[PDB]
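All remarks here apply to the structure that follows.
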Amino acid sequence: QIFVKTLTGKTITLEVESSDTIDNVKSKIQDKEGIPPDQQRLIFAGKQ
Amino acid sequence: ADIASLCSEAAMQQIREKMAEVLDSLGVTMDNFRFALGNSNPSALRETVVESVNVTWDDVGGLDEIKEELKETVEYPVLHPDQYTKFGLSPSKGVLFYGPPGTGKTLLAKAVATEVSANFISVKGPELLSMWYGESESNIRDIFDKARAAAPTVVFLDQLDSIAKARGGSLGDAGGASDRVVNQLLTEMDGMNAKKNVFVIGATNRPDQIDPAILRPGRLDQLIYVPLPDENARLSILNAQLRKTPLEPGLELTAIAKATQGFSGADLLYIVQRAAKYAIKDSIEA
Amino acid sequence: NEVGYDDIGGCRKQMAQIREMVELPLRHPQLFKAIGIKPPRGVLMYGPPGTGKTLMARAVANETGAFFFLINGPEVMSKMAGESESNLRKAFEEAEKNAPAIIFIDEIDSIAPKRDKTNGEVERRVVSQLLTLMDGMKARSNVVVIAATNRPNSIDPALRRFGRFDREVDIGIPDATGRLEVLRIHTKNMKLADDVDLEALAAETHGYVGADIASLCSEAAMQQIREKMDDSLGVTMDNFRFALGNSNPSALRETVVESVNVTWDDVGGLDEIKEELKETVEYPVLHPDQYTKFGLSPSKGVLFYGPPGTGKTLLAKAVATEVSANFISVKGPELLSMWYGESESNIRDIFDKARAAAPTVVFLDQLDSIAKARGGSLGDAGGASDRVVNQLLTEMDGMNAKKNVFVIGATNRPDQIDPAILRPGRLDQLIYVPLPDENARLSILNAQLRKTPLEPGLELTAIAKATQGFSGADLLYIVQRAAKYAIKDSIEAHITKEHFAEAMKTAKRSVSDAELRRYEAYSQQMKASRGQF
Amino acid sequence: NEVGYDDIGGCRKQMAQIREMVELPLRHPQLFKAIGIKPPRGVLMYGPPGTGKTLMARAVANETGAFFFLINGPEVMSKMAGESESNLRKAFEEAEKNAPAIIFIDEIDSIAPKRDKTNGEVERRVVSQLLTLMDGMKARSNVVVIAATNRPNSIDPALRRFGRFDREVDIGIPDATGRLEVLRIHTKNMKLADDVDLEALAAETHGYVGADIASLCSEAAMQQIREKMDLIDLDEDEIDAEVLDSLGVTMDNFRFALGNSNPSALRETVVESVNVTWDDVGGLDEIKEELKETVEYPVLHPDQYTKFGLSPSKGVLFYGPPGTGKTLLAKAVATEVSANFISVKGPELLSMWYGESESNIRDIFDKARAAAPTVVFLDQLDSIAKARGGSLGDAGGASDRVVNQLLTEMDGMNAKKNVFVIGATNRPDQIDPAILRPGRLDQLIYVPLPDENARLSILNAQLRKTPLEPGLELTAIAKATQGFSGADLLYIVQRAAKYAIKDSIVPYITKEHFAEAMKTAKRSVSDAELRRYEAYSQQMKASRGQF
Ligand SMILES: Nc1ncnc2c1ncn2[C@@H]1O[C@H](COP(=O)(O)OP(=O)(O)OP(=O)(O)O)[C@@H](O)[C@H]1O
Ligand SMILES: Nc1ncnc2c1ncn2[C@@H]1O[C@H](COP(=O)(O)OP(=O)(O)OP(=O)(O)O)[C@@H](O)[C@H]1O
Ligand SMILES: Nc1ncnc2c1ncn2[C@@H]1O[C@H](COP(=O)(O)OP(=O)(O)O)[C@@H](O)[C@H]1O
């Protein structure tokens, strides 16, 4: 004719937010992004 | 899904029995299915067993006045559902048995539900009680919701000599707890949904001290006395367990049946249960 | 530098299964059926740790040259969530470059535990990834995965399904010749002497395993190195006797599964009840056609009642020899000592384990609790009052009648027990154990005097003629009361009949006389009032 | 600075066990080829803190001349999960090419705690990386890994398996000759005085570890600075550098250092023994030679006691009149066999929080195996019946939390592990029958009424802790009580000694303090309870079963 009562407790979280390895950024630089319409980029030649 | 595996579970034993030159063993045998049934993993065995058993009415002998009464209460709503709606009165839900513990009053109730393929839930009186305080009324209404969801089901309340005896006699501390546990099922007999073909079947000894609010109509009104079966209807009991006898008896078994009226309906069933001590013992030494 | 079939032992009956359960798809997919091939890969092996589950899986792999890829539960569980999803795909991509291969997966109970405590997405992610690739390898790539854990009830039941996981292999403790066999394996290079023993320490290891055998041979050999320096090496039996007193019993909280070899002639007398038990249970275990030719059922539970503690445990030991099966020893007061849940789930966690270890027999004691613990409505006790009576009516009739699990029961006072459940058919073989005869207990005492030397001028029938309240177990203190003086006179100054008078009357008395006249109150009416009493 | 053999002390018997266990796979691998079994690779040291276990690992590495590398505990957990596994892999690779080598790791409890109490993510990350690297390596490079912690069962139990960590080594506290050797190493540079005795300070600190002795002398040397504080102040920046040579730490500064310090590692009971003889209690000689026939006979002759098929006499009991010397005999039962002994009591050790109520009995089972021999003793068996529970009717039992771990492993240990349970109750009618069985308590040692005519010899060895009067009065001090044993005899002593605080601001002990003390001559242990069990002492052989 009796009872059992017990509560609980929690811990939410911690974070660091660590990212961006160096090998991904070196591949991130050597690319293209697009050029409007007529914004050619050119070639050039010389030094015969 | 299990049947898709049992054909393969017996095919590999046929290969294991040997090790058209090796494909003649691929023809499965009837005992390798019994070997597959011998190491069978039943899907109903992985949880609680709520299936319908294959018992019928020819396995018992006698008790035919109960059989003609128990063919109208729970079968006529489910076989002809439009008959009681013409008069607008639903049939009575609840049948009560009372008598000696020798007859089959708790054992023939499984043949009532399994005829129209209904589920069977058997609960005992002194099985669940109020251990702590109030731990029984929550365990009574917890089966009423699934009794109507998987319909047709029945529920078999048994041995009510622990609850239906205390109305105004016991005035102790257990009697105060007795007044708290008997009004749960008394209000649930008329508070249940009677249009979902849920039925209660009772079979309780000592029929003198039953509670007066349970013999009222609507809950238990079929006053069906179940004594030991008649002395001429005791030969038809033994048709189920044994069928093969090279001497064909049946007049000596009725001689001891007609000798006295004190023989029970289960004691004369045990005269062939002792065959392993009488006839099968001295016939297997070869 | 690999292993084979001779490097493991003990496990033979289910090893003969697993040597053909996986070789039949791997050696030849054509000669299986050649019309429809149904390989039931996904074998689930289970058992206590240290049984050599990994070594017995590498035995069939190195025999057929199969590539043994190995992963483990916590080594891929404790990684990143997205990394464990990729690494499982990196583990199952080896099924095409090494086919026929073997993929060993261990500790799945840590991967897929019971689903009561957790309700989560990431907790069900690692078990749904293997569901999505189990049907991905259904193109008959001739690979068989191996699942190794501790017990099948810890795995989630949706994994155990016909098509994914159906094969179950139980690995238990070896028998008396099993740990003898692994003792020969681990001592293939052990340079021992001629005085070493092979059978006494093997049968003495009850709760030990071959991994514990591997620590036994190394610790005993290390003790031999300690007292040599302080080729001149030699290992005696006394180094292993030092390992007997310095062993580490690990398997202790498990019921014994091993079968015994004790004969019925170890106990004296009661020959009329050994033939009655031989005419009931040891005939249908070889062929159950006797119970089906006339439509009968085997026995569910037996009883013993009379003088308590008179050697019914050794009678429960000897029933597993004429039936050629195992034996399970469940203690007497464990029905009350186990709490709520422990009195219900633990008594059925051995029953399905007994179904996997069929044929076997189970022993129970103190069956006088049915008439005293029925109406449980008190608010003090838990599973010791009401959670026993509600389940013995169901669990005794909750068998399958296809693997023949048997229950041996024994009580003390049957006059207070209600005859409602004691009818034959379920509780049929209710037996009265009587007081043993004069030739009965001296046949036991001849086995009790076997372990010690004795002069031939001693006689045991002089004390047997006045045994009014002395049973066989009541006279077991004679070898303790009388023989306590034979040790003192031999070790103080740097077996006879002189101490037979000190154990003549004041040795031990347990059987009283009030219940002695009550022991024949039911036995005189066992022929007339056999049904109820 | 490097350390050798002389820089440690106290554990010289314990160091020799670690000596032969690690120097044989390093120096002479030819014994492995001769006997054909794998030598161990991982040892584990444990014990109380401050016993110099890190100093012993540096001592065994430099003297053997192997390639020593140290991996400290909290330096691994100070990093994240990525670089800690890379640093653990680099340590094992350089020791393989430098064989023989010793890879000593420290503080394994911070890396491997008990995992089942906190089911977490990082609790199986660094230990699973270590377990596949420890069991996975195989190159016959005969390298040894040494572990160190403060508790053997605090770590994860999967590490204590075969092949990884098998040999457990306990590091106990030093003895009187052992703690003397610790201070002699630290006082090599301490300019002590001539009056400081070497052996006197060993008997002063009874339960001090070597870290406590090293902090004791530094605090006593710091008191020498504050004693000479008024001689030269701190304003002069070491100007008078000529009086510092007269700085001798004389011995009463160590007496002041003992007065302020406290024992740190004495939060538990004694780990070695207790020493109180049977002659310290008066009489009871009818059971002295009787107990010599049951507990010291099998440990001296293990062959003649067991070849006759007799069971080892593991358990005795003490019963009779309640509170009549059996509580006084709680400590005087270990010095006969002179083995290790730890007393257990209901409200003492088994009434803690959940989870630790069975770990205390686990320590006496590690003392049955790793620290053999052992002596178990439980007193006041009627107070523990409230926790065990009483069996009622014909169907009962003791449903207790602690008796399941007790009764199973107390019978599984053989006679070579030297297990000895001792019982002492106050009434045999208050004993639970579920614990009693034939095979555990078959030895009857009846304790009678403790010699009320000769009880003057009991109190003669009780008043030896105080300077008393030479003209004592021992005529009828304890012969008129007949129910007041040596435990309740202290109340008569407390009557004759509580008057020292009164009549003060002189006589201290007079003859009237014992002559007038007979006015409270009562009897708590009546003769009605003794005579029920005096006839039971000759008829317990017919009642040695259930009750
Ligand atoms: N049936 C057996 N049981 C236990 N050990 C065996 C058996 N047969 C052989 N052994 C040998 O004893 C050793 C036991 O250790 P083993 O690692 O095999 O146990 P295990 O429980 O399979 O290990 P794990 O838990 O890592 O799978 C093995 O190295 C093996 O060579
Ligand atoms: N032979 C010796 N035995 C015991 N103690 C010693 C000995 N020699 C020196 N000591 C003292 O004991 C201390 C050694 O303790 P140590 O630095 O090992 O702490 P520990 O807790 O054992 O290390 P860990 O943190 O690895 O557990 C030293 O400070 C030293 O003064
Ligand atoms: N017609 C019958 N004749 C004899 N015995 C029967 C009959 N029907 C059932 N039994 C026996 O009775 C049992 C089922 O009913 P029973 O247990 O007697 O219920 P109760 O004990 O409540 O009367 C079965 O085990 C069966 O052997």
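As shown in the structure tokens, the chain order sets the letters A, B, ...; within each chain, residues go from 1, and ligands are also counted from 1 in the order they appear.
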*residue D:383 surroundings by only C-alpha atoms, 10 Å radius, close-in-sequence under 6 positions cut, as a PyMOL selection string*: chain D and resi 345-347+425-426+430-431
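Near stretch 21-35 of chain C, within 8 Å and counting only C-alpha atoms, sit residues 15, 22, 23 and 26 of chain B; 17, 39, 41, 100, 142, 143 and 144 of chain C, not including residues fewer than 4 positions from it in the same chain.
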Serialized selection, N, CA and C atoms, as a PDB file, in the first residue's frame:
```
ATOM      1  N   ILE B  15      19.587 -32.860 -47.899  1.00  0.00           N
ATOM      2  CA  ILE B  15      20.967 -32.890 -48.370  1.00  0.00           C
ATOM      3  C   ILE B  15      21.891 -33.381 -47.261  1.00  0.00           C
ATOM      4  N   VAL B  22      22.529 -36.899 -57.311  1.00  0.00           N
ATOM      5  CA  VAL B  22      22.367 -36.328 -55.981  1.00  0.00           C
ATOM      6  C   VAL B  22      21.077 -35.536 -55.842  1.00  0.00           C
ATOM      7  N   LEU B  23      20.249 -35.483 -56.884  1.00  0.00           N
ATOM      8  CA  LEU B  23      19.003 -34.731 -56.866  1.00  0.00           C
ATOM      9  C   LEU B  23      17.797 -35.591 -56.520  1.00  0.00           C
ATOM     10  N   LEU B  26      16.342 -34.637 -53.164  1.00  0.00           N
ATOM     11  CA  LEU B  26      15.638 -33.362 -53.100  1.00  0.00           C
ATOM     12  C   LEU B  26      14.136 -33.522 -52.911  1.00  0.00           C
TER      13      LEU B  26
ATOM     14  N   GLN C  17      27.534 -29.073 -37.059  1.00  0.00           N
ATOM     15  CA  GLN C  17      26.548 -28.289 -37.791  1.00  0.00           C
ATOM     16  C   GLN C  17      27.225 -27.170 -38.573  1.00  0.00           C
ATOM     17  N   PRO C  39      20.303 -20.064 -49.641  1.00  0.00           N
ATOM     18  CA  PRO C  39      21.329 -20.084 -48.595  1.00  0.00           C
ATOM     19  C   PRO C  39      20.920 -19.223 -47.414  1.00  0.00           C
ATOM     20  N   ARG C  41      22.252 -17.554 -44.956  1.00  0.00           N
ATOM     21  CA  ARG C  41      23.387 -16.892 -44.335  1.00  0.00           C
ATOM     22  C   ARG C  41      22.913 -15.895 -43.276  1.00  0.00           C
ATOM     23  N   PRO C 100      34.692 -16.633 -52.526  1.00  0.00           N
ATOM     24  CA  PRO C 100      33.937 -16.792 -51.273  1.00  0.00           C
ATOM     25  C   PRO C 100      34.682 -16.310 -50.024  1.00  0.00           C
ATOM     26  N   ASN C 142      27.918 -15.181 -52.917  1.00  0.00           N
ATOM     27  CA  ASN C 142      28.596 -16.310 -52.263  1.00  0.00           C
ATOM     28  C   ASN C 142      29.380 -15.882 -51.023  1.00  0.00           C
ATOM     29  N   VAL C 143      28.795 -15.012 -50.205  1.00  0.00           N
ATOM     30  CA  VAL C 143      29.397 -14.595 -48.946  1.00  0.00           C
ATOM     31  C   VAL C 143      28.420 -14.878 -47.814  1.00  0.00           C
ATOM     32  N   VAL C 144      28.969 -15.248 -46.660  1.00  0.00           N
ATOM     33  CA  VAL C 144      28.188 -15.567 -45.470  1.00  0.00           C
ATOM     34  C   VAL C 144      28.722 -14.723 -44.323  1.00  0.00           C
TER      35      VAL C 144
END
```
*asked:* To test your reading of the structure, identify every residue in stretch 416-489 of chain D that backbone DSSP assigns to alpha helix (DSSP H), and report it as a ChimeraX atom specification.
replied: /D:456-460,489
Go ahead and write the selection's residues with C-alpha atoms as a PDB file, in the first residue's frame.
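Output (out.pdb):
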```pdb
ATOM      1  CA  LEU D 456      39.656  -9.998  38.239  1.00  0.00           C
ATOM      2  CA  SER D 457      42.156 -11.302  35.670  1.00  0.00           C
ATOM      3  CA  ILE D 458      40.038  -9.780  32.876  1.00  0.00           C
ATOM      4  CA  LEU D 459      40.144  -6.263  34.340  1.00  0.00           C
ATOM      5  CA  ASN D 460      43.843  -6.666  35.207  1.00  0.00           C
ATOM      6  CA  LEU D 489      33.374  -3.350  32.794  1.00  0.00           C
TER       7      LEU D 489
END
```
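Residue-level contact on chain A: within 10 Å of chain B, counting only C-alpha atoms, the set is residues 1, 2 and 3 of chain A.
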For chain C versus ligand 3, which residues have an atom no more than 12 Å away, and what is each residue's nearest atom pair and distance in Å rounded to one decimal, using only C-alpha atoms and all ligand atoms, chain-then-number order, as CSV?
```
residue,atom,partner,partner_atom_place_in_ligand_line,distance
C:393,CA,ligand 3,17 (O),11.6
C:397,CA,ligand 3,25 (O),11.3
C:419,CA,ligand 3,21 (O),11.1
C:420,CA,ligand 3,21 (O),7.7
C:421,CA,ligand 3,17 (O),9.0
C:422,CA,ligand 3,17 (O),11.7
C:423,CA,ligand 3,25 (O),9.6
C:424,CA,ligand 3,25 (O),9.9
C:425,CA,ligand 3,25 (O),8.3
C:426,CA,ligand 3,25 (O),9.3
```
_What's around stretch 169-186 of chain C at 6 Å? Count only C-alpha atoms, leave out sequence neighbours fewer than 2 positions away in its own chain, and write the answer as a ChimeraX atom specification._
/C:9-10,45-47,188,202-203,258
Please dump the current selection as a compact mmCIF listing (two decimals), in the first residue's frame; keep N, CA, C and O atoms.
```txt
# COMPACT_ATOMS: atom_id res chain seq x y z
N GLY C 9 38.66 -27.75 -29.77
CA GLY C 9 38.00 -28.97 -29.36
C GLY C 9 36.84 -28.73 -28.42
O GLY C 9 36.42 -27.58 -28.24
N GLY C 10 36.31 -29.79 -27.82
CA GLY C 10 35.18 -29.66 -26.92
C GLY C 10 33.87 -29.48 -27.64
O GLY C 10 32.99 -30.35 -27.58
N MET C 45 25.90 -16.90 -33.72
CA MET C 45 26.53 -17.67 -32.65
C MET C 45 26.52 -16.86 -31.37
O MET C 45 26.65 -15.63 -31.40
N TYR C 46 26.37 -17.54 -30.24
CA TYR C 46 26.23 -16.86 -28.96
C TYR C 46 26.76 -17.76 -27.85
O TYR C 46 26.89 -18.98 -28.02
N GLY C 47 27.05 -17.14 -26.71
CA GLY C 47 27.59 -17.85 -25.57
C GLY C 47 28.41 -16.93 -24.69
O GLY C 47 28.56 -15.74 -24.96
N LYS C 188 50.50 -28.83 -26.58
CA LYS C 188 51.15 -29.51 -27.70
C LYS C 188 52.65 -29.25 -27.72
O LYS C 188 53.41 -30.08 -28.22
N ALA C 202 40.85 -31.91 -14.88
CA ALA C 202 39.92 -31.62 -15.96
C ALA C 202 38.48 -31.67 -15.48
O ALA C 202 37.68 -30.78 -15.77
N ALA C 203 38.13 -32.72 -14.72
CA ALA C 203 36.78 -32.83 -14.19
C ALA C 203 36.53 -31.88 -13.03
O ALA C 203 35.37 -31.58 -12.73
N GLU C 258 26.28 -28.86 -18.28
CA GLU C 258 27.01 -30.09 -18.56
C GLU C 258 26.27 -31.31 -18.03
O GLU C 258 25.68 -31.29 -16.94
```
_All strand (DSSP E) residues (DSSP, backbone) inside stretch 36-129 of chain B, as an MDAnalysis selection string_ = chainID B and resid 95:98 119:124
*Once you count only C-alpha atoms and all ligand atoms, which residues end up within 6 Å of ligand 2, and could you hand them over as a PyMOL selection string?*
chain D and resi 7-10+49-55+106-107+149+182+210-211+214
*Mind giving me the straight-line distance from atom CA of residue C:56 to atom CA of residue C:212 in Å, one decimal?*
16.4 Å
Do you have, as a tab-separated table, the list of residues of chain C lying at most 6 Å from ligand 1, each with its nearest atom pair and that distance in Å to one decimal, counting only C-alpha atoms and all ligand atoms and ordered by chain then number?
```
residue	atom	partner	partner_atom_place_in_ligand_line	distance
C:8	CA	ligand 1	8 (N)	4.1
C:9	CA	ligand 1	8 (N)	5.3
C:10	CA	ligand 1	1 (N)	5.7
C:11	CA	ligand 1	1 (N)	5.7
C:49	CA	ligand 1	21 (O)	3.8
C:50	CA	ligand 1	21 (O)	2.7
C:51	CA	ligand 1	3 (N)	3.1
C:52	CA	ligand 1	22 (O)	2.8
C:53	CA	ligand 1	22 (O)	3.8
C:54	CA	ligand 1	22 (O)	4.7
C:55	CA	ligand 1	18 (O)	5.0
C:209	CA	ligand 1	4 (C)	5.4
C:210	CA	ligand 1	5 (N)	3.7
C:211	CA	ligand 1	14 (C)	3.6
C:214	CA	ligand 1	12 (O)	5.8
```
Kindly export the residues of the current selection with N, CA and C atoms, as an mmCIF file, in the first residue's frame.
```
data_model
loop_
_atom_site.group_PDB
_atom_site.id
_atom_site.type_symbol
_atom_site.label_atom_id
_atom_site.label_comp_id
_atom_site.auth_asym_id
_atom_site.auth_seq_id
_atom_site.Cartn_x
_atom_site.Cartn_y
_atom_site.Cartn_z
ATOM 1 N N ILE C 8 41.134 -26.606 -32.112
ATOM 2 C CA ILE C 8 40.019 -26.342 -31.208
ATOM 3 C C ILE C 8 39.326 -27.669 -30.923
ATOM 4 N N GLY C 9 38.661 -27.745 -29.773
ATOM 5 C CA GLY C 9 38.003 -28.969 -29.361
ATOM 6 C C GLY C 9 36.842 -28.726 -28.421
ATOM 7 N N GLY C 10 36.314 -29.790 -27.821
ATOM 8 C CA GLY C 10 35.185 -29.664 -26.919
ATOM 9 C C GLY C 10 33.865 -29.479 -27.638
ATOM 10 N N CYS C 11 33.714 -28.335 -28.307
ATOM 11 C CA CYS C 11 32.579 -28.073 -29.179
ATOM 12 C C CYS C 11 32.604 -29.020 -30.372
ATOM 13 N N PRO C 49 31.778 -15.245 -22.952
ATOM 14 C CA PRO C 49 33.082 -14.903 -23.530
ATOM 15 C C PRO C 49 34.169 -15.863 -23.074
ATOM 16 N N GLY C 50 35.189 -15.993 -23.918
ATOM 17 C CA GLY C 50 36.267 -16.925 -23.674
ATOM 18 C C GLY C 50 36.039 -18.323 -24.202
ATOM 19 N N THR C 51 34.938 -18.562 -24.913
ATOM 20 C CA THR C 51 34.633 -19.869 -25.477
ATOM 21 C C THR C 51 35.303 -20.104 -26.826
ATOM 22 N N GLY C 52 36.090 -19.149 -27.311
ATOM 23 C CA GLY C 52 36.731 -19.295 -28.604
ATOM 24 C C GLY C 52 35.793 -19.130 -29.778
ATOM 25 N N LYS C 53 34.962 -18.085 -29.762
ATOM 26 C CA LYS C 53 34.042 -17.849 -30.870
ATOM 27 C C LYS C 53 34.783 -17.364 -32.108
ATOM 28 N N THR C 54 35.816 -16.539 -31.918
ATOM 29 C CA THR C 54 36.598 -16.052 -33.048
ATOM 30 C C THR C 54 37.525 -17.138 -33.587
ATOM 31 N N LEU C 55 38.086 -17.967 -32.702
ATOM 32 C CA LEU C 55 39.012 -19.012 -33.126
ATOM 33 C C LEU C 55 38.295 -20.148 -33.846
ATOM 34 N N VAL C 209 36.684 -22.384 -18.601
ATOM 35 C CA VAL C 209 36.595 -22.398 -20.051
ATOM 36 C C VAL C 209 38.014 -22.569 -20.597
ATOM 37 N N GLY C 210 38.129 -22.785 -21.912
ATOM 38 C CA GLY C 210 39.433 -22.965 -22.529
ATOM 39 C C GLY C 210 40.314 -21.731 -22.486
ATOM 40 N N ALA C 211 39.708 -20.543 -22.397
ATOM 41 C CA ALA C 211 40.492 -19.339 -22.144
ATOM 42 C C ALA C 211 41.037 -19.336 -20.722
ATOM 43 N N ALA C 214 43.913 -21.646 -20.797
ATOM 44 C CA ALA C 214 45.106 -20.990 -21.327
ATOM 45 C C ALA C 214 45.828 -20.180 -20.256
#
```
